[PDB]
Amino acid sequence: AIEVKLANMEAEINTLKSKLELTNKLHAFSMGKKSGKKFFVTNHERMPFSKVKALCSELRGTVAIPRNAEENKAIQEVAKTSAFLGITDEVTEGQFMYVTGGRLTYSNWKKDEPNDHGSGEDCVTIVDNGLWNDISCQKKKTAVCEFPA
């Protein structure tokens, strides 16, 4: 009994792992994930940058980061309203870095941005026209998480 029951349970676990993987595939599909492309998801809730970071991390994702014009538009369509991007110059003023590390490979700043206006702006929002503007990380913007391709 012992060894047989153990061997079976191993098959039971393997079966459940496959089922859960398929469930995740179906869930990603319904969330709009295109084949071989990373995808963006939002609950349409507005919150400060720190809360967005924590939220996406818990979901094992990251704050949405556009690496090109296509992805920039994609985020825009998902968010619908101004949302935070996973880009800040919190570590060193003037040096915008990805929250995942590294300097920007792609940008789409509005004229005269980023300006660190007034009291300061260390976060980035993608406006309702695709251009970027740095804003206060304390302002409440739409939470948009990104998941791997």
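Numbers for residues come from their place in the sequence shown, where the first is 1.
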- Could you settle it for me: does 80-88 or 37-45 have the higher average Cα B factor in the PDB entry? 80-88
- Query: Comparing 17-25 with 129-137, where is the mean C-alpha B-factor higher?
  - Reply: 129-137
- Task: Would you mind finding, among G94, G120, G32, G101, the residue with the largest C-alpha temperature factor in the entry?
- Result: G101
- State the tercile, meaning the lowest, middle or highest third, of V63 with respect to the CA B-factors recorded for its chain. lowest
- Split the chain's modelled residues into thirds by Cα B-factor; is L6 in the lowest, middle or highest one? middle
- Third of the chain, ranked by Cα B-factor, where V124 sits: middle
- Item | Ranked C-alpha temperature factor of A69 among modelled chain residues, by third | highest
- Message: Quick check for you: using the entry's CA B-factors within this chain, is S107 in the lowest, middle or highest third?
- Response: highest
